[PDB]
Every structure is written in C-alpha cells, then in structure tokens.
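> Turn this into a model:
(10 chains, ligands or ions: 9)
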Amino acid sequence: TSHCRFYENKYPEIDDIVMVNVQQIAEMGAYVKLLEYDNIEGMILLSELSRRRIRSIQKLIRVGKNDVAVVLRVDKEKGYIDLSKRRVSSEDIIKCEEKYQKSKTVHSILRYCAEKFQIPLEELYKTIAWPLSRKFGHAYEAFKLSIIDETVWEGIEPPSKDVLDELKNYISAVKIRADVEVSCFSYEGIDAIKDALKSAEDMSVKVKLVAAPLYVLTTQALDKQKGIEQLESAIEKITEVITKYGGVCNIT
Amino acid sequence: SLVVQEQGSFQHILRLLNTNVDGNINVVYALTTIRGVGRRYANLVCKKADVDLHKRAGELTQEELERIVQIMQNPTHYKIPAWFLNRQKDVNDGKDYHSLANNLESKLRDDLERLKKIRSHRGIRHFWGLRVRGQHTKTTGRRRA
Amino acid sequence: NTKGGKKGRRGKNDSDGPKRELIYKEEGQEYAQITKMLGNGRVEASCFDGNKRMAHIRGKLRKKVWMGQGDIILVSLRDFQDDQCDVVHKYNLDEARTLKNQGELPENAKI
Amino acid sequence: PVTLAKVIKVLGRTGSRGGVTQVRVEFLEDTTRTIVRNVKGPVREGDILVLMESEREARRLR
Amino acid sequence: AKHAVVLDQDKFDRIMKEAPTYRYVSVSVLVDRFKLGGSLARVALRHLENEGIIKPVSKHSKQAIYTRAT
Amino acid sequence: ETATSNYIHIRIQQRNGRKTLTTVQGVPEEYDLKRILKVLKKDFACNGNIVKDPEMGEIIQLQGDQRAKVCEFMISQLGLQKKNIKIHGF
RNA sequence: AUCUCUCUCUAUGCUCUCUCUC
RNA sequence: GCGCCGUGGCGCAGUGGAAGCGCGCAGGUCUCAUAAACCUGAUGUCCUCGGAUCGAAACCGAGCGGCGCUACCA
RNA sequence: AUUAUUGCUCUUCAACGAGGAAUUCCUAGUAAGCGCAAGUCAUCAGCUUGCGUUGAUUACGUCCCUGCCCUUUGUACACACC
RNA sequence: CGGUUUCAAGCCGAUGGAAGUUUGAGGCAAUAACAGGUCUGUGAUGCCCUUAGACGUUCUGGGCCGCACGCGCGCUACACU
Ligand SMILES: [Mg+2]
Ligand SMILES: [Mg+2]
Ligand SMILES: [Mg+2]
Ligand SMILES: [Mg+2]
Ligand SMILES: [Mg+2]
Ligand SMILES: [Mg+2]
Ligand SMILES: [Mg+2]
Ligand SMILES: [Mg+2]
Ligand SMILES: [Mg+2]
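Numbers count the residues shown, from 1 in each chain, chains lettered A, B, ... in the order given. Ligands and ions are numbered 1, 2, ... in the order given. Now the structure:
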C-alpha cells in the first residue's frame, strides 16, 4: 500500500492552505481528501463553502474536482479536519494553486523510485524529501535549488545514484530562441552572414535560415540557465568579432 | 481435511489445452477458465478421473491432468450420455461432441456462415447485429458495437 | 398533450390523426411557402407559382393548428381580388416531403 | 468542559421544519437558573440533558 | 489478497508462534496480520485444534471464536 | 490588407418561453460596440448585452427570433458586411 | 405594562357558449 | 520549417498524476407547459505513432493541419 | 411454435464495485425481505389480486417546500392566475 | 383514579384489561360539477356515413412482439447478514 504525508510532520496545522479533491456530499459538507496534506478525511461545514449564495452545489464545488481551501480546526490526537473554502482571500488563491502544483510534482517524483524498487515508502520519504523541507520549508523549492545548482542532493543521500541520474535526465537539451536581423541587401551579404555564423557556432547551436536578412538559431541549454551564458557570448561576438567584415547586424 | 503442509512440488500457473490455466483455483474451478469447460461438467469430469476436488490448481500431477484432458476430449466412452455434452446429436456427424477451447466458437461461426448462405431469419439478424431470441428492441440492446 | 398540457386544454379534443390522407390542389387554390409569419392573423407567404401575395388566416386553424416559419401551405386565392389571399390547409412535414417526391409542387423550396 | 441540566417544562415546539423542542432547563448544580434551550428530539420532564454549550441561548427557530 | 492460499511450512511455524500472546484467533485475524488469505486458513485453524494449542469458545460454524490457553 | 470575410456566428440561444435569442459571436472590433448596441435597441424591441472574452471575441446578445431581419438591418446601417453572416442552430 | 425577532428569487401562457314550460 | 490551437462538438485557456471554462447540439430533471435554473454527454484517456519512466493529453522524437517570421532561395 | 410460447440439460459468461442532479413510498404486525394461491389461462408471471411466514429503524410534531380546509382581507379575474 | 382546561366540551399519563390511535383495516360516500374516461362492455342508444368486388361476415397469411433513440412501471444483481 502507498501512503505517507506530503510535508515533514504527521498532522496538519491551523490556518494551512490546502487543495481538496471532492469525494462525496453528505450532510455537513463533503468528506474530502486534502492534497496538500496526506489523504486524511475532513469536512467543509455548510457556511464557509462560498462567499455568496450560489444555490447550486454541483457547479461551483463539483464531485471529483479540486477546490482551493484552508484548514480551520485541527485536533492533534486522532484525526479531524474542520475545513473552509470561503476564508481563502482573493489573490492568495493563485499561491495556493501553485503550492498544490508543487506538491503534485513532488508526489510524482517519489513513486517512480518506489516502482523501480519496492522497499518501505516511509523510509524513502525520509531519505528524499524531509531533511530539505526542514532546512527550508517546501520540497519543491529544494528541488528548484538543486536544478539551479546541484547541492541539496549532496546533503541527504538517495537509495541509489541511478535514481538521481534519472531525475537529472528528466529535469534536462533545452531550446532557447536567438534571432539575428542583419541589415544586408547586397548579393554577397548572405555569404558574409553565413561566414559570421560559422565563426560563432563552433566551439561550445542549431542555426535555421528563414530569410536573407533574418536568421533564427536555437541555442541548447544543459542545466537550463547555461543557455543564457552562450546567448550572451554570441551577442558579444556580433559586436566584437564581426567588425572586420563591416556588416551591420541587429538583435531583437 | 488435510494436515499436509506440502513442500516445493506444486507449480502455479499452468499451460493446459493452449488456454492459460491460473493458480490456486479449486481444480474444477481452475478448469472452468477454459472455454467449453463449465462448472458442473468440469466437476463431473474430475469425478470420472478420480481426483479429489479439494486440491490446488498447481497440486495436480501431469498424469492426472492428461487423464482429465482425455475425459474432456473423448467423453462418450466414460459413461457420459446425451443430457451431458455440448453439441448433442449434431448436424455434421450424428455422434454427439463436447466441443472445447477453440472449437465451439469455430462451430458457431460455421453455423452463422451457413445461415447467411441460406438466408434464414436468425442468420439475417446476426448479420444485422440485432437481438434474435424473442426480444422487443423498443428498449432492449442500446449498448451497440 | 397538444401544446403545453394545461388545466385548460382538456375542454377541446382534437381528431385528425398523424396518419391522415394528403389533400391535393383545386381551381383557384395553390401551394405556398411562408415568407414571414405576420401579426393579427395576417401572414406573408410566397406562392410556388411566382407571385408574392399576402396570405391571411381564415378561421378553423386560428386556434386548432399552430404554424411556424417556412411551411408548405394550401392557399385558396381570391377570385375577385388578388393581393389578399387566404390559407385553407396546413401541410405536415412528412406530407410536404411526399408532395416534393411526387413532383406536384415545383421543386424550388426546402422544408 | 462538561455541563448537564435537568429539564422540567417544555416551552412548546418551534421550527420552520418543526420537530425541534424549546425547553426550560434547570441546573442540578444550583437550581437558581432556568434557561430557554434548544433541544432536538423526544424529551419529557425530569431528564438529564448534557450541554456542550455553556451559556448561549435562542428562542424561536427560523 | 495477493494469492497467499498456501499451507507453507514457514507460514505454519509463524502461525504457531503468533497465535499465542494475541487473545483472539480467527481466519479474518490471520488475513489481517499477513499470513494466509482465505480458504486454507480455516483448514490450518482446524488442524491447530486437535488437542490443546487454542481453546474453542464458539459452538457455531462460519464464524470462529477461539482463545489461546492461559 | 484586411480580410473581407470573417465568421460572424448568429446562434440559437433559448430565451423566456418558446422564444429565442440572436447571439452574435466573432464581432469585428473596429466600430464602437455600445453605439451599435444602442442602435440595435432603437431599431427593434431588443436589449443589448455584451459578454467579454479574453484576447479575441465578444458575445453580443439581442433578445428574440429575427436572424434574417437583423442581418437586413445590419446591411442597411453601415458597419458590417453581407458575406460575413452565419446562422447557427436549425 | 411582558412584547420578544426574522429571512430572498419566481418570466410568460393563445382553445368559444347555453335556456325552457305557469 | 518555425510558434500557439491541437477535444468530448464550437469558441476561449493550462502545462509533469486531479476529465479546464463559456456556448452549442444530444438527452434528462424541476413546473400543468416552455424558458431561466439545473446535471449527464460524445473516439475514454486533451494531433498521428510509439518509447524513456508504473504512469500522463503534458517528457522525447519521426509524421499532419491553421495562422505569428520568411518572400519564391539559382 | 420460425420472429428462442414455455419448460428442462448443456455450454456461452457482458454490462453491472450500491448509482448523477432528481423523486416516489412508509409512523406498527406495519416498511422491506420472502414466498404462495387466485385472475388471465390449452400452453406461459417478471404482472396484478389476495393470503400468510420473517420482521426493523425512526416520529407522535410542525406548517418551510407541495397541497387542502375554513375565517378575514385585496382583487381592473370569472374561459376565474394556466 | 391522578392531575390539567370558562372545570363544560374534551385531551395526555398510570391501573385493570384479549384489546383504550374511532381497537386495526375496509365497504357503502353528500351537494355540486368536470365539457375527465369510454359508442372498443352491450341487444344502452340519437345522428352522419359505408351497405354488396361491404368498414357486415368469415377463411389463409402476416402485424400489434419492428428498432439509431427518449421516458414510465417492475424484476434480477452489484456478494459474506
Ligand atoms: Mg373531453
Ligand atoms: Mg405469448
Ligand atoms: Mg400569470
Ligand atoms: Mg376522570
Ligand atoms: Mg370505520
Ligand atoms: Mg355504433
Ligand atoms: Mg373487397
Ligand atoms: Mg402489445
Ligand atoms: Mg402500476
């Protein structure tokens, strides 16, 4: 069986923003599964589901669908969630959505590994997601940091390096657009442009011809932000290297 | 009642009469998975063979399985009369047959073809994709193909 | 049920049937498509002959049989006048189709 | 927190849907208080009525 | 249940050592605490009850009520 | 250069009673919308309501079954073409 | 002098008509 | 060839598990009836094909169509 | 008896994981489960009509929705609010 | 009996009772109608029609039981009782 909570500790906190997938409607409201915190059952009492009277229940809330929510009453003993949908402020909603997305992404990461090798899920959770969270706040932030520069994976060890490699691969060449508008109208201008390209493309990406004045090259990114540094270099080359030819070039 | 624990002798998931026979279903009910084989008649076959029904699917030794197969494919010799088998009387030989696995369907297909050739009502209905055995299509059969 | 069920529809009873015999043409009487359904019993209806006309509802159908837009209709033309003419019999959609198939009316308009 | 009061007299039955009883609750801990309480369901005289609510009271139900 | 309809020797041993300490012994209980799932559990229970091991409370079939000796 | 024929969708929208609604989808955004609505209101017995869609599109409401009449009116009062119209429903 | 104090949308609908003998 | 829309029908939007909105058709429910008001839809997995990874329409490619760049590339 | 009348033996094993918005029925031998006989009938009950076995849960109330009853009230309505 | 109620009309609780909801359920059901339902129960009929190649009548054979669909009753199930 697959279980275990999204965050570090077992039980939710007061005034925690959650996203709730609707299961079934009863009397109090709905016995929803909180997708920001484990799968513990809770309810939205019929007073705090919407800001205004909307009469219809199965169009603004909907069975099977997700709702932007906040946790009101929590009892750290066994398992009760008194929940609200109304108390979520304007804006804020977007943030909540983002958080939910992040959580989902995190969840997606932690299952492939399990599939590849069974072994207790709690242990896996401990060795992948929690220490980072403790250090900062959320696991997605940690993941982002890792992607930017690999150091968070060095902190707590994965069960195998293969998994890490796979993750890296998943994260990974990324195409970045680079458009060159050369102000040429001469017969031997195209050739010149080509020559210029050949001195800049070498030593490291994919140059596409659209027109005689317009040239569109796609630059590869290995670690996402590595593509910006190559683009910059290319730009520099246009201003510094291409001066001997005397061909006027413009960048979008 | 069996106190016998049994060591590594029974191999689950068996390939018997081409169609895959699954694991730990109760011999009779393990045989039922094969087309043409059905509950009561499977039980009868087992009885004829003289194997105890209260056993595992993997438990069965090869000889027993062979015997069972023989009973199934050649039914008439082992005291199984008319109110017993699949194609009683039959249209092609006069002898009755207990058709199995990949035979019954073929027979059905053949019958359908013959009907089509000879343009009979049932055949026509089958060709159409309609209900045959006394049904009012005012409500019946809205699932389609 | 006729139009909208009602408390006040059970004091009427309509008798014609969907399986009724189709009515043919007469002298001073021909077929029209309805151009636009006008007010106060008046109706603009283009004839199959080739004249524009002004059609008018005359009794009978005034409450019994409701009509819509673009319908094939029996119009008995005025023998003394010409511009004002009167609707006699409404044709069903099936009926219209049958007529079209026959070729009794000229094939110019669709149901 | 736990409180309990005995009922003594019923102040009729009120509710849009109805059914819900208006009761006069007397506390067995100090009989000086006789409060108007909302009670859901079949209730007579001389019954111990547990109250999670301590002080809040309402009369009519609309 | 993922099969688990085997009167395995190891399984039998486990049953022997796990039926005490716990007061209640049933097929359902066995299924819950991960050993045998279904029909052969009953058989096992029956063959544990020859002389001693687990004492009966039930005088009824379908549901088994059994307590280990204290 | 501008496209001469754009898909103007005059749809069947169900209004109070057996009556309907002339709803216009894919409206050319060149002339003043409010003014056109006002004009429409004046000409017929209709009330004008505009439902806004992001980037492209504005749903223009006119209470009633006219269609052809509406088209004719549009033709009469400059702002919209003859070829652009499409009747949607039945 | 004993009241106690409740609450909101909901548009329209076309098919007749009837007396007696004193 | 690039970019977005790739549907469960049109018209609008979102990218790593959650069948996204407005309209339309198809059908229901509520009312004596229609409309508003409500649900359910349809090629089951959101271009065609398969894979890395359990998986996904989303990640990757070969392969198509509409327009945001091109101007006919001897 | 084909457009299986039905019955019985056989084999064939789909949809269907307790059911959206909606709405019916019911306050004690009642609800429901379960049969049976009769009616139809030459043959056929998933139907009705009557029995009888098994036998709960919750109300004993209010007018909120849906009606009804009278009293008062207002009606530009008597085809009487459709 | 017990209390309550201008202590009248009655009601709720207790005792006794086979039983205290009019003891349960029926069956008959007023005045007034509806333009409800039926001439497809009839030899209950007015009126109009067809009346001898008959809408009468019977024999032979279908058909009401057809099926892209949409509702209404009911049954069987979705299993451990
Ligand atoms: Mg009538
Ligand atoms: Mg019959
Ligand atoms: Mg009105
Ligand atoms: Mg007395
Ligand atoms: Mg009586
Ligand atoms: Mg007659
Ligand atoms: Mg004749
Ligand atoms: Mg019939
Ligand atoms: Mg009935």
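
> Going by C-alpha atoms from here, please, whenever you check contacts or count neighbours.
Will do.

> And the residue of chain B that's closest to chain E?
Among the residues of chain B, residue B:5 lies nearest to chain E; the distance is 5.1 Å by Cα to the nearest Cα.

> Does that residue touch residue E:8 like I think?
Yes - judged on Cα atoms under 8 Å, residue B:5 makes contact with residue E:8 at a distance of 5.8 Å.

> These two: which has the busier surroundings?
Taking neighbours as other Cα atoms under 10 Å in any protein chain shown, residue B:5 and residue E:8 compare with residue E:8 leading, 17 against 13.

> Phi first, then psi, for the more buried one.
phi -60, psi 150 (degrees, to the nearest 10).

> Ok, the one 5 residues further on next?
Torsion angles at residue E:13 (phi, psi; degrees, to the nearest 10) stand at phi -60, psi -50.

> before we move on, what about residue E:41?
According to degrees, to the nearest 10, residue E:41 has phi -60, psi -40.

> Now for it: which residues touch it?
Counting by Cα atoms under 8 Å, 6 or more residues apart in numbering or on different chains, residue E:41 makes contact with E:5, E:7, E:27, E:30.

> How far off centre is stretch B:39-56?
Centroid separation for stretch B:39-56 versus its chain: 14 Å, with Cα atoms, centre = their mean, to the nearest Å.

> CA atoms only for it - export them in PDB, please.
What follows is stretch B:39-56, C-alpha atoms only, in PDB (Å, rounded to 0.1, in the frame of the first residue of the first chain):
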ATOM      1  CA  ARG B  39     -18.700 -25.800 -13.700                       C
ATOM      2  CA  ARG B  40     -20.900 -28.900 -13.300                       C
ATOM      3  CA  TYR B  41     -19.400 -30.700 -16.200                       C
ATOM      4  CA  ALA B  42     -15.900 -29.900 -15.100                       C
ATOM      5  CA  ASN B  43     -16.800 -31.300 -11.700                       C
ATOM      6  CA  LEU B  44     -18.200 -34.500 -13.300                       C
ATOM      7  CA  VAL B  45     -15.000 -34.800 -15.400                       C
ATOM      8  CA  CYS B  46     -12.900 -34.600 -12.200                       C
ATOM      9  CA  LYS B  47     -15.100 -37.200 -10.500                       C
ATOM     10  CA  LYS B  48     -14.700 -39.500 -13.500                       C
ATOM     11  CA  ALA B  49     -10.900 -39.000 -13.400                       C
ATOM     12  CA  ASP B  50     -11.000 -39.900  -9.600                       C
ATOM     13  CA  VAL B  51      -9.100 -36.900  -8.300                       C
ATOM     14  CA  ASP B  52     -10.200 -35.200  -5.000                       C
ATOM     15  CA  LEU B  53     -11.800 -31.800  -5.700                       C
ATOM     16  CA  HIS B  54     -10.400 -30.200  -2.500                       C
ATOM     17  CA  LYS B  55      -7.000 -29.600  -4.000                       C
ATOM     18  CA  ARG B  56      -4.900 -26.700  -5.600                       C
END
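
> if we can go back for a sec, distance of the residue of chain B closest to chain E relative to RNA strand H?
Using Cα to the nearest atom of the strand, to the nearest Å, one gets 35 Å for the distance from residue B:5 to RNA strand H.

> Skipping adjacent residues, who's closest to that residue in space?
Spatial nearest neighbour of residue B:5, chain neighbours left out: residue E:7 (5.1 Å); criterion: Cα to Cα, 6 or more residues apart in numbering or on different chains.

> What about that neighbour, how many residues nearby?
20.

> Now for it: which residues touch it?
B:4, B:5, B:6, E:36, E:40, E:41, E:44.

> and the residue in chain F that RNA strand J sits nearest to, how many neighbours?
Residue of chain F nearest RNA strand J, by Cα to the nearest atom of the strand: residue F:90 (17.8 Å). Residue F:90: 5 surrounding residues under other Cα under 10 Å.
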